[PDB]
Amino acid sequence: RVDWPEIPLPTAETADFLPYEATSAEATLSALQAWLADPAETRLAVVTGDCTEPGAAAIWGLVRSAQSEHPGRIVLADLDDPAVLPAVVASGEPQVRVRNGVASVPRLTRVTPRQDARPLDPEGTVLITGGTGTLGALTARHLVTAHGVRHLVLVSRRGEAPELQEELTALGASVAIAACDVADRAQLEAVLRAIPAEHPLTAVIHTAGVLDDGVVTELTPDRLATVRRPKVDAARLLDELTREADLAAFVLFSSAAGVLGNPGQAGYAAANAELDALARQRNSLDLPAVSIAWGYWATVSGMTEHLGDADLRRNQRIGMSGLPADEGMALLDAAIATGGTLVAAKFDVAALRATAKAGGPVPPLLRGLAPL
């Protein structure tokens, strides 16, 4: 979980920085590319709003990956007061949140699951976005077998998986796979009407999306919206049209990039963090919701297919390991039970601990797990 323990700001009067208050996910990318074009090296102090907002998190995720691309050069400050910005830059942390005079930074802490989520209805219906994707396909096998789901609506752009259709129906699950894009206003509403009344919708699981990983200097706002729409606009439409639905759980598949920040994934991290912050709004409003910043999946899926061996070591550098289907899906059950925004991934504590002790640069979020 993203934890924000209290740490003191440095006793500094000024810093050599370029202040800027972030406004939108596309605006930060445009401003950042302008600053990245400057040969002069002044750390870009990006001021962002309350990260619990979807927009601020998306900007946070966008800068998080950007700071992974250019460490020690972009300051992702969440300040209600630009006066602490010189102090924030002088702290050395790329991401500092200062409220009422005290500072805080994102930290990763282990989550204690709670078994108080409302039980899934054995006669209910579960909605999955991008069902034809393997991650959506993986969820279908576990839901019917473990959770005993007898009614599914697997929604994907192509929306036809006969090989999953026969497999899921062979176990007794009334799986209604229809061609639909969740973010589409007309498509989602009609399919949401296709959910039977005697089998009311009980769970929304978001796994649809596109991957357009690229560095900040090469990303474009269209790639932001192209990735965001089946993830951000899709989940927003899910909460909009299913807030009145009988949802026992609200599952959103985020990525570790959206929380930690992974190089060359500014847009994807923006979508994932905005995906999380939407759930936090849902969770705060007492509706059950879970957004999971999933790690590097071991199994090859329709989403994470393009992660090669170079990305394998890039992932394994920060402690990532191939997330198994069982381990990943077992984490989902606790994540649904726990609720809120959580990160379910496998980390190499010893490698991070050894790297921290040896002197390597440990990410601040990982610094909670392996401090000095």
# chains A, B, ... in the order shown; residues from 1 in each chain; ligands from 1

$ residues_around --residues "residue 312 (chain A)" --least-positions-apart "2" --cutoff "12 Å" --atoms "only C-alpha atoms" --output "PyMOL selection string"
chain A and resi 295-298+304-310+314-323

$ residues_around --residues "residue 340 (chain A)" --least-positions-apart "2" --cutoff "7 Å" --atoms "only C-alpha atoms" --output "list in words"
residues 279, 280, 283, 289, 290, 291, 338 and 342 of chain A

$ residues_around --residues "residue 241 (chain A)" --least-positions-apart "4" --cutoff "10 Å" --atoms "only C-alpha atoms" --output "compact mmCIF listing (two decimals) with N, CA, C and O atoms, in the first residue's frame"
# COMPACT_ATOMS: atom_id res chain seq x y z
N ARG A 185 -20.00 4.92 -24.45
CA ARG A 185 -21.23 5.21 -23.73
C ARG A 185 -22.38 4.32 -24.19
O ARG A 185 -23.15 3.80 -23.38
N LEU A 188 -21.46 0.14 -23.51
CA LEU A 188 -21.51 -0.35 -22.13
C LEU A 188 -22.94 -0.38 -21.60
O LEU A 188 -23.33 -1.34 -20.93
N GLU A 189 -23.72 0.66 -21.88
CA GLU A 189 -25.08 0.73 -21.35
C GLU A 189 -25.94 -0.43 -21.86
O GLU A 189 -26.67 -1.05 -21.09
N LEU A 192 -24.81 -3.62 -20.28
CA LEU A 192 -25.22 -3.59 -18.88
C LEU A 192 -26.70 -3.90 -18.73
O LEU A 192 -27.13 -4.40 -17.68
N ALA A 235 -13.44 2.68 -16.65
CA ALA A 235 -13.75 2.49 -15.24
C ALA A 235 -14.66 3.59 -14.72
O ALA A 235 -15.54 3.33 -13.88
N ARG A 236 -14.47 4.83 -15.18
CA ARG A 236 -15.37 5.91 -14.79
C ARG A 236 -16.79 5.62 -15.25
O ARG A 236 -17.75 5.87 -14.51
N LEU A 237 -16.94 5.09 -16.46
CA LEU A 237 -18.27 4.70 -16.94
C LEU A 237 -18.81 3.53 -16.15
O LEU A 237 -20.02 3.44 -15.91
N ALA A 245 -26.03 -0.38 -9.47
CA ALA A 245 -26.05 -1.83 -9.57
C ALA A 245 -25.75 -2.47 -8.22
O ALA A 245 -25.26 -1.82 -7.29

$ residues_around --residues "residue 273 (chain A)" --least-positions-apart "6" --cutoff "9 Å" --atoms "only C-alpha atoms" --output "MDAnalysis selection string"
chainID A and resid 51 54:62 254:255 257:259 293

$ write_last_selection --atoms "N, CA, C and O atoms" --output "CSV table (one decimal), in the first residue's frame"
chain,number,residue,atom,x,y,z
A,51,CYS,N,-3.4,13.8,-4.5
A,51,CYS,CA,-3.2,12.6,-5.3
A,51,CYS,C,-4.4,11.7,-5.3
A,51,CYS,O,-4.5,10.9,-6.2
A,54,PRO,N,-8.4,11.6,-9.3
A,54,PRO,CA,-7.9,10.9,-10.4
A,54,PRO,C,-6.9,11.7,-11.3
A,54,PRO,O,-6.0,11.1,-11.8
A,55,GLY,N,-7.2,13.0,-11.4
A,55,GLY,CA,-6.3,13.8,-12.3
A,55,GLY,C,-4.9,14.0,-11.7
A,55,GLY,O,-3.9,13.9,-12.4
A,56,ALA,N,-4.9,14.2,-10.3
A,56,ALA,CA,-3.6,14.4,-9.7
A,56,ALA,C,-2.8,13.1,-9.7
A,56,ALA,O,-1.5,13.1,-10.0
A,57,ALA,N,-3.4,12.0,-9.5
A,57,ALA,CA,-2.7,10.7,-9.6
A,57,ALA,C,-2.2,10.4,-11.0
A,57,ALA,O,-1.1,9.9,-11.1
A,58,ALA,N,-3.0,10.7,-12.0
A,58,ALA,CA,-2.6,10.5,-13.4
A,58,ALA,C,-1.4,11.3,-13.7
A,58,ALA,O,-0.4,10.9,-14.3
A,59,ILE,N,-1.4,12.6,-13.2
A,59,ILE,CA,-0.2,13.4,-13.4
A,59,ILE,C,0.9,12.8,-12.5
A,59,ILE,O,2.1,12.8,-13.0
A,60,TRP,N,0.6,12.4,-11.3
A,60,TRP,CA,1.6,11.8,-10.5
A,60,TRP,C,2.2,10.5,-11.1
A,60,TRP,O,3.4,10.4,-11.2
A,61,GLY,N,1.3,9.7,-11.7
A,61,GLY,CA,1.8,8.5,-12.4
A,61,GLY,C,2.6,8.9,-13.6
A,61,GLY,O,3.6,8.2,-13.9
A,62,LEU,N,2.2,9.9,-14.3
A,62,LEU,CA,2.9,10.4,-15.5
A,62,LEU,C,4.3,10.9,-15.1
A,62,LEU,O,5.3,10.5,-15.8
A,254,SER,N,-4.8,-2.4,-12.2
A,254,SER,CA,-3.8,-1.4,-12.3
A,254,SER,C,-2.4,-2.0,-12.5
A,254,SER,O,-2.3,-3.3,-12.5
A,255,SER,N,-1.4,-1.3,-12.7
A,255,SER,CA,0.0,-1.8,-12.9
A,255,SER,C,0.9,-1.2,-11.9
A,255,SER,O,0.7,-0.1,-11.4
A,257,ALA,N,3.6,0.2,-12.5
A,257,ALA,CA,4.1,1.4,-13.1
A,257,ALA,C,3.3,2.6,-12.6
A,257,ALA,O,3.9,3.7,-12.3
A,258,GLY,N,2.0,2.4,-12.5
A,258,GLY,CA,1.1,3.5,-12.1
A,258,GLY,C,1.4,4.0,-10.7
A,258,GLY,O,1.0,5.1,-10.3
A,259,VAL,N,2.0,3.2,-9.9
A,259,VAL,CA,2.4,3.5,-8.5
A,259,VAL,C,3.8,3.8,-8.3
A,259,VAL,O,4.2,4.9,-7.9
A,293,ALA,N,-2.6,-2.5,-8.3
A,293,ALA,CA,-1.4,-2.2,-9.2
A,293,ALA,C,-0.6,-3.5,-9.4
A,293,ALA,O,0.4,-3.8,-8.7

$ residues_around --residues "residue 161 (chain A)" --least-positions-apart "5" --cutoff "12 Å" --atoms "only C-alpha atoms" --output "PDB file with N, CA, C and O atoms, in the first residue's frame"
ATOM      1  N   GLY A 130     -12.514  -6.492 -21.044  1.00  0.00           N
ATOM      2  CA  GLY A 130     -11.440  -7.177 -21.742  1.00  0.00           C
ATOM      3  C   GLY A 130     -11.396  -8.659 -21.445  1.00  0.00           C
ATOM      4  O   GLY A 130     -10.313  -9.211 -21.211  1.00  0.00           O
ATOM      5  N   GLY A 131     -12.557  -9.319 -21.441  1.00  0.00           N
ATOM      6  CA  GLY A 131     -12.606 -10.723 -21.066  1.00  0.00           C
ATOM      7  C   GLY A 131     -11.797 -11.614 -21.990  1.00  0.00           C
ATOM      8  O   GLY A 131     -11.199 -12.598 -21.548  1.00  0.00           O
ATOM      9  N   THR A 132     -11.770 -11.285 -23.283  1.00  0.00           N
ATOM     10  CA  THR A 132     -10.975 -12.066 -24.223  1.00  0.00           C
ATOM     11  C   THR A 132      -9.482 -11.959 -23.944  1.00  0.00           C
ATOM     12  O   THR A 132      -8.710 -12.782 -24.446  1.00  0.00           O
ATOM     13  N   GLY A 133      -9.058 -10.966 -23.165  1.00  0.00           N
ATOM     14  CA  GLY A 133      -7.692 -10.947 -22.686  1.00  0.00           C
ATOM     15  C   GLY A 133      -7.445 -12.059 -21.685  1.00  0.00           C
ATOM     16  O   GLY A 133      -8.345 -12.499 -20.969  1.00  0.00           O
ATOM     17  N   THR A 134      -6.194 -12.525 -21.639  1.00  0.00           N
ATOM     18  CA  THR A 134      -5.861 -13.655 -20.775  1.00  0.00           C
ATOM     19  C   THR A 134      -6.074 -13.310 -19.306  1.00  0.00           C
ATOM     20  O   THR A 134      -6.544 -14.148 -18.528  1.00  0.00           O
ATOM     21  N   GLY A 136      -8.309 -11.241 -18.145  1.00  0.00           N
ATOM     22  CA  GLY A 136      -9.739 -11.454 -18.003  1.00  0.00           C
ATOM     23  C   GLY A 136     -10.112 -12.920 -18.104  1.00  0.00           C
ATOM     24  O   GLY A 136     -11.004 -13.395 -17.395  1.00  0.00           O
ATOM     25  N   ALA A 137      -9.438 -13.656 -18.992  1.00  0.00           N
ATOM     26  CA  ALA A 137      -9.656 -15.095 -19.086  1.00  0.00           C
ATOM     27  C   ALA A 137      -9.200 -15.807 -17.818  1.00  0.00           C
ATOM     28  O   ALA A 137      -9.867 -16.737 -17.348  1.00  0.00           O
ATOM     29  N   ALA A 140     -11.807 -15.475 -15.192  1.00  0.00           N
ATOM     30  CA  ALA A 140     -12.994 -16.289 -15.425  1.00  0.00           C
ATOM     31  C   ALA A 140     -12.835 -17.689 -14.846  1.00  0.00           C
ATOM     32  O   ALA A 140     -13.769 -18.225 -14.237  1.00  0.00           O
ATOM     33  N   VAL A 153     -20.444 -11.762 -17.537  1.00  0.00           N
ATOM     34  CA  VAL A 153     -20.558 -10.925 -18.729  1.00  0.00           C
ATOM     35  C   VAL A 153     -19.142 -10.458 -19.052  1.00  0.00           C
ATOM     36  O   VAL A 153     -18.672  -9.441 -18.532  1.00  0.00           O
ATOM     37  N   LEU A 154     -18.449 -11.207 -19.906  1.00  0.00           N
ATOM     38  CA  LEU A 154     -17.091 -10.854 -20.307  1.00  0.00           C
ATOM     39  C   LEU A 154     -17.170  -9.872 -21.466  1.00  0.00           C
ATOM     40  O   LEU A 154     -17.588 -10.233 -22.571  1.00  0.00           O
ATOM     41  N   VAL A 155     -16.768  -8.630 -21.218  1.00  0.00           N
ATOM     42  CA  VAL A 155     -16.908  -7.542 -22.178  1.00  0.00           C
ATOM     43  C   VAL A 155     -15.527  -7.183 -22.703  1.00  0.00           C
ATOM     44  O   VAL A 155     -14.628  -6.840 -21.926  1.00  0.00           O
ATOM     45  N   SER A 156     -15.359  -7.260 -24.021  1.00  0.00           N
ATOM     46  CA  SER A 156     -14.133  -6.831 -24.677  1.00  0.00           C
ATOM     47  C   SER A 156     -14.491  -6.252 -26.037  1.00  0.00           C
ATOM     48  O   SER A 156     -15.599  -6.447 -26.542  1.00  0.00           O
ATOM     49  N   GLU A 166     -17.149 -22.021 -24.259  1.00  0.00           N
ATOM     50  CA  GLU A 166     -17.470 -23.425 -24.023  1.00  0.00           C
ATOM     51  C   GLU A 166     -16.870 -23.915 -22.710  1.00  0.00           C
ATOM     52  O   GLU A 166     -17.503 -24.691 -21.986  1.00  0.00           O
ATOM     53  N   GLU A 167     -15.652 -23.470 -22.387  1.00  0.00           N
ATOM     54  CA  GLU A 167     -15.021 -23.875 -21.134  1.00  0.00           C
ATOM     55  C   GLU A 167     -15.806 -23.371 -19.931  1.00  0.00           C
ATOM     56  O   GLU A 167     -16.025 -24.112 -18.966  1.00  0.00           O
ATOM     57  N   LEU A 168     -16.238 -22.110 -19.972  1.00  0.00           N
ATOM     58  CA  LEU A 168     -16.954 -21.541 -18.837  1.00  0.00           C
ATOM     59  C   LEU A 168     -18.363 -22.111 -18.723  1.00  0.00           C
ATOM     60  O   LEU A 168     -18.863 -22.323 -17.613  1.00  0.00           O
ATOM     61  N   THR A 169     -19.021 -22.359 -19.858  1.00  0.00           N
ATOM     62  CA  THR A 169     -20.365 -22.922 -19.812  1.00  0.00           C
ATOM     63  C   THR A 169     -20.339 -24.399 -19.437  1.00  0.00           C
ATOM     64  O   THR A 169     -21.325 -24.918 -18.902  1.00  0.00           O
ATOM     65  N   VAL A 175     -22.295 -17.462 -18.860  1.00  0.00           N
ATOM     66  CA  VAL A 175     -21.364 -16.418 -19.268  1.00  0.00           C
ATOM     67  C   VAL A 175     -21.900 -15.764 -20.533  1.00  0.00           C
ATOM     68  O   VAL A 175     -22.005 -16.411 -21.582  1.00  0.00           O
ATOM     69  N   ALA A 176     -22.235 -14.480 -20.438  1.00  0.00           N
ATOM     70  CA  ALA A 176     -22.803 -13.718 -21.546  1.00  0.00           C
ATOM     71  C   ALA A 176     -21.706 -12.835 -22.130  1.00  0.00           C
ATOM     72  O   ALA A 176     -21.527 -11.690 -21.708  1.00  0.00           O
ATOM     73  N   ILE A 177     -20.980 -13.368 -23.107  1.00  0.00           N
ATOM     74  CA  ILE A 177     -19.919 -12.628 -23.779  1.00  0.00           C
ATOM     75  C   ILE A 177     -20.531 -11.874 -24.952  1.00  0.00           C
ATOM     76  O   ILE A 177     -21.124 -12.480 -25.850  1.00  0.00           O
ATOM     77  N   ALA A 178     -20.390 -10.549 -24.943  1.00  0.00           N
ATOM     78  CA  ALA A 178     -20.921  -9.698 -25.995  1.00  0.00           C
ATOM     79  C   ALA A 178     -19.861  -8.700 -26.432  1.00  0.00           C
ATOM     80  O   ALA A 178     -19.034  -8.257 -25.631  1.00  0.00           O
ATOM     81  N   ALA A 179     -19.892  -8.351 -27.718  1.00  0.00           N
ATOM     82  CA  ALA A 179     -18.943  -7.390 -28.265  1.00  0.00           C
ATOM     83  C   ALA A 179     -19.282  -5.990 -27.768  1.00  0.00           C
ATOM     84  O   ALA A 179     -20.366  -5.469 -28.053  1.00  0.00           O
TER      85      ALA A 179
END

$ residues_around --residues "residue 14 (chain A)" --least-positions-apart "4" --cutoff "9 Å" --atoms "only C-alpha atoms" --output "list in words"
residues 85, 86, 87, 89 and 90 of chain A

$ select_by_dssp --residues "region 61-288 of chain A" --states "helix (DSSP H, G or I)" --output "ChimeraX atom specification"
/A:61-69,82-90,134-145,162-170,185-194,221-242,256-260,266-284

$ closest_residue --among "A:194, A:337, A:275, A:25" --to "residue 222 (chain A)" --atoms "only C-alpha atoms"
A:25

$ closest_residue --among "A:366, A:372, A:335, A:208" --to "residue 112 (chain A)" --atoms "only C-alpha atoms"
A:335

$ atom_distance --atom1 "CA of residue 66 (chain A)" --atom2 "CA of residue 213 (chain A)"
12.0 Å

$ closest_residue --among "A:48, A:125, A:65, A:262" --to "residue 82 (chain A)" --atoms "only C-alpha atoms"
A:48

$ closest_residue --among "A:221, A:159, A:119, A:113" --to "residue 31 (chain A)" --atoms "only C-alpha atoms"
A:221

$ residues_around --residues "residue 332 (chain A)" --least-positions-apart "2" --cutoff "10 Å" --atoms "only C-alpha atoms" --output "list in words"
residues 139, 251, 253, 290, 291, 292, 294, 326, 327, 328, 329, 330, 334, 335, 336, 337, 338, 339, 342 and 344 of chain A

$ write_last_selection --atoms "C-alpha atoms" --output "PDB file, in the first residue's frame"
ATOM      1  CA  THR A 139     -10.198 -14.280 -13.803  1.00  0.00           C
ATOM      2  CA  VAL A 251     -12.132  -4.623  -9.343  1.00  0.00           C
ATOM      3  CA  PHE A 253      -6.524  -3.920 -12.809  1.00  0.00           C
ATOM      4  CA  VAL A 290     -10.488  -2.434  -5.238  1.00  0.00           C
ATOM      5  CA  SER A 291      -7.778  -1.203  -7.609  1.00  0.00           C
ATOM      6  CA  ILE A 292      -4.748  -3.492  -7.826  1.00  0.00           C
ATOM      7  CA  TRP A 294      -0.466  -5.576 -10.588  1.00  0.00           C
ATOM      8  CA  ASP A 326      -2.349 -18.693  -8.804  1.00  0.00           C
ATOM      9  CA  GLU A 327      -0.359 -16.169  -6.757  1.00  0.00           C
ATOM     10  CA  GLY A 328      -1.797 -13.279  -8.755  1.00  0.00           C
ATOM     11  CA  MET A 329      -5.364 -14.522  -8.450  1.00  0.00           C
ATOM     12  CA  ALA A 330      -4.995 -15.443  -4.777  1.00  0.00           C
ATOM     13  CA  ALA A 334      -7.558 -10.786  -0.549  1.00  0.00           C
ATOM     14  CA  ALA A 335      -7.552  -7.513  -2.503  1.00  0.00           C
ATOM     15  CA  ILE A 336     -11.309  -7.811  -3.053  1.00  0.00           C
ATOM     16  CA  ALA A 337     -11.696  -8.689   0.624  1.00  0.00           C
ATOM     17  CA  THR A 338      -9.329  -5.916   1.725  1.00  0.00           C
ATOM     18  CA  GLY A 339     -10.714  -3.302  -0.661  1.00  0.00           C
ATOM     19  CA  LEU A 342      -3.464  -1.907  -3.072  1.00  0.00           C
ATOM     20  CA  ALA A 344      -0.269  -6.984  -5.343  1.00  0.00           C
TER      21      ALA A 344
END

$ select_by_dssp --residues "region 206-366 of chain A" --states "strand (DSSP E or B)" --output "compact mmCIF listing (two decimals) with C-alpha atoms, in the first residue's frame"
# COMPACT_ATOMS: atom_id res chain seq x y z
CA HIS A 206 -11.70 -4.06 -15.18
CA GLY A 214 7.06 5.02 -24.54
CA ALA A 249 -16.97 -5.69 -5.47
CA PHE A 250 -15.37 -3.22 -7.90
CA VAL A 251 -12.13 -4.62 -9.34
CA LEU A 252 -9.74 -2.47 -11.38
CA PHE A 253 -6.52 -3.92 -12.81
CA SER A 254 -3.76 -1.35 -12.34
CA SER A 255 -0.02 -1.79 -12.89
CA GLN A 265 5.63 4.18 -19.39
CA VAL A 290 -10.49 -2.43 -5.24
CA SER A 291 -7.78 -1.20 -7.61
CA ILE A 292 -4.75 -3.49 -7.83
CA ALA A 293 -1.41 -2.20 -9.15
CA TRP A 294 -0.47 -5.58 -10.59
CA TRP A 297 2.73 -11.29 -14.73
CA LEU A 323 3.68 -13.17 -11.10
CA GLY A 340 -9.23 0.07 -1.44
CA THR A 341 -6.19 0.70 -3.61
CA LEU A 342 -3.46 -1.91 -3.07

$ closest_residue --among "A:172, A:5, A:32, A:16" --to "residue 97 (chain A)" --atoms "only C-alpha atoms"
A:5

$ closest_residue --among "A:158, A:141, A:228, A:150" --to "residue 201 (chain A)" --atoms "only C-alpha atoms"
A:150
